[PDB]
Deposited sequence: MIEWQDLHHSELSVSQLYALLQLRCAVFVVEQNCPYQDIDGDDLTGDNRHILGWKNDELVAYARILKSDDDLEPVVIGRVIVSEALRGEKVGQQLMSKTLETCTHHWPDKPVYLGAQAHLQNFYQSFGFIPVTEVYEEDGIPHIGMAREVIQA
């Protein structure tokens, strides 16, 4: 019984912001062994939204949506997370479809781009994405994908 929140960045409280960067750090920095700049600015600007999956005051799912650069290019999905205690069990499919329902609602008549791993390709292709890119590397494999 995960509650979902589709937050424009202006609605984020201090504890809501803390929870999603801490979970982003825990997954993309710590567990994925990648010292990088996870906190890049793109979170509190423009019409950008965040989607949070909560399981009893625990943030167990997250994705952010970039609408930029206030230019022609598509909707960007990124930072897609399920917390490791809860994986292999339909929640990732729930996060994605609700995040596309957000892309669909807010900006219909705009496709959705998404940067991904190579090994995650068949899971995003089950949501309507197709590779728009050659396989390349950020840690030892990425493909660029887009929907509609």
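Engineer: Where the model has no C-alpha, note the corresponding stretch of the deposited sequence, numbering from 1.
Structural biologist: Unmodelled stretches, in sequence order: 141, 150 to 153.
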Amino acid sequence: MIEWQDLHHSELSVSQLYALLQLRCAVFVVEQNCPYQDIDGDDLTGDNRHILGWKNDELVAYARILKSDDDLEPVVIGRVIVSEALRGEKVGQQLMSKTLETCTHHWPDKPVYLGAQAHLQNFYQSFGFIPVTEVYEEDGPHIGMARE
From here on, numbers count along this sequence of modelled residues.
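Engineer: Higher mean Cα B-factor in the deposited model: 41 to 49 or 112 to 120?
Structural biologist: Comparing 41 to 49 with 112 to 120, the higher average CA B-factor belongs to 112 to 120.
Engineer: Quick check on the record: does 65 to 73 or 98 to 106 carry the larger mean Cα temperature factor?
Structural biologist: If you average the C-alpha B-factors of 98 to 106 and of 65 to 73, the larger mean comes out for 65 to 73.
Engineer: Between 133, 126, 15, 10, where does the Cα B-factor run highest in the record?
Structural biologist: Highest C-alpha B-factor among the listed residues goes to 126.
Engineer: Please say which third, lowest, middle or highest, residue 145 falls into when its CA temperature factor is compared across its chain.
Structural biologist: Within its chain, residue 145 is a middle-third residue by C-alpha B-factor, going by the deposited values.
Engineer: Is residue 55 in the lowest, middle or highest third of its chain when residues are ranked by C-alpha B-factor?
Structural biologist: CA B-factor rank for residue 55: highest third.
Engineer: Comparing against every modelled residue in the chain, figure out the third that the C-alpha B-factor of residue 35 lands in (lowest, middle or highest).
Structural biologist: Middle third of the chain for residue 35's C-alpha B-factor.
Engineer: What third of its chain, lowest, middle or highest, does the C-alpha temperature factor of residue 79 fall into?
Structural biologist: Ranked within chain, residue 79 CA B lands in the lowest tercile.
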